[PDB]
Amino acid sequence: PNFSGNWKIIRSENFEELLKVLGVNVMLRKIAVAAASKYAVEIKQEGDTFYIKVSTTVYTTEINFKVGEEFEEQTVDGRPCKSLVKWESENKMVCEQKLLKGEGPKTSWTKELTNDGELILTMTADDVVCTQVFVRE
């Protein structure tokens, strides 16, 4: 549907706790939380093909996928992984990830477009769920 847009963050909950589960030490967690306050998501959607560009003040990364096809990206804490996105309803998709090398927490994310025009992202590591809410620029 209309995931396409330039999204700007308005709320971020449990992000520090997510990073803690992921092994990031406290000073870097605090700096990462501060960096999440500037952060923007740009989405281009055509059918079930998505282009996503995530950017903060000094860093930017692009994610390209088709729903239902495995692709490679990185976990939140930077460990490369294989990902697979599926729809869960009209305007929510869920991505499951598997580490390429090694072991670690089970991670995943979801992206939802609400009826009131917000984008909700969740990122999960084991039992900890980070929720971020965006509005269009």
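Numbering starts at 1 and follows the sequence shown.
*Asks:* Taking the mean of the C-alpha B-factors per stretch from the entry, tell me the winner out of 105-113 and 52-60.
*Replies:* Stretch with the higher mean C-alpha B-factor: 105-113.
*Asks:* Taking the mean of the C-alpha B-factors per stretch from the entry, tell me the winner out of 96-104 and 37-45.
*Replies:* Higher mean C-alpha B-factor in the PDB entry: 96-104.
*Asks:* Split into thirds by Cα B-factor across the chain's modelled residues, where does residue 79 land: lowest, middle or highest?
*Replies:* Highest third of the chain for residue 79's C-alpha B-factor.
*Asks:* If you rank the chain by CA B-factor, which third does residue 13 end up in: lowest, middle or highest?
*Replies:* Highest third.
*Asks:* What third of its chain's C-alpha B-factors does residue 131 belong to: lowest, middle or highest?
*Replies:* Bottom third by C-alpha B-factor.
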